[PDB]
């Protein structure tokens, strides 16, 4: 009954009177997401509402709130507060007007400059987390949020892990199959570089619209990751050499040879990044496409 630890972390007081103008903007396995407005303050917020029954290990909920409140950063969606509403947990975060990267990758064609701009900002989030001994473990386009200024922010700490010098590696088979690094899929001990792999897969989303093997069922994709290793692009000839190089460094099978987030921030690919204002036309296109 670590529900007591969860009960001591959360704020008390009715969120249903602190916040108004509730609108469902999202579903998800982890719960439903609503927008709302702080009754007093006017601030727009996103609230994730999670059924405590839905989650069998309430230990992960605790971990999610702590990591988020302890690791604030400009490239991470800001945690504001949390509340228990009966058997439902509400997490309140800053609302980022814009959209999901998923909408952009499925509905637009991104140029290398735009892709490099997104990758740089995500690598900055990862550098910060990994330096704070946190592995995200669920990097994908669905967890990247884009601001109306082209701000890029990472969210979702539902699956993350804290490591320590004593225990530098994890062994849970956690993530979303198509984005999971081979060492994770094959139950080897793994470290922060699983996030770099997932980032590589997200770069393939930005190129091709989908992670490798998405037409296949999840179990089949796990088999394909275990057997193929480094995925191949549909049309690699369409990419610059330096982009292909960046991809190769993100998607190295040899963990020790795979780029760290720090190493990758100095890659040549990132030097072609467009300014973040370059992403706002993608956001406009995606909103129009998903009317």
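Numbering follows the first chain given and starts at 1.
- When the C-alpha B-factors of 81 to 89 and 112 to 120 are averaged, 81 to 89 comes out higher.
- Judged by mean Cα B factor in the deposited record, 38 to 46 ranks above the other of 242 to 250 and 38 to 46.
- Set against one another, the Cα B-factors of 167, 138, 102, 186 in the record reach their highest point at 167.
- Ranked by Cα temperature factor within the chain, residue 74 sits in the middle third according to the deposited record.
- In the PDB entry, a CA B factor belonging to the highest third of its chain's modelled residues is recorded for residue 98.
- In the deposited entry, the Cα temperature factor of residue 268 places it in the highest third of its chain's modelled residues.
- Sort the modelled residues of the chain by CA B factor and residue 289 lands in the middle third.
- When the modelled residues of the chain are ordered by their C-alpha B factor, residue 150 lands in the highest third.
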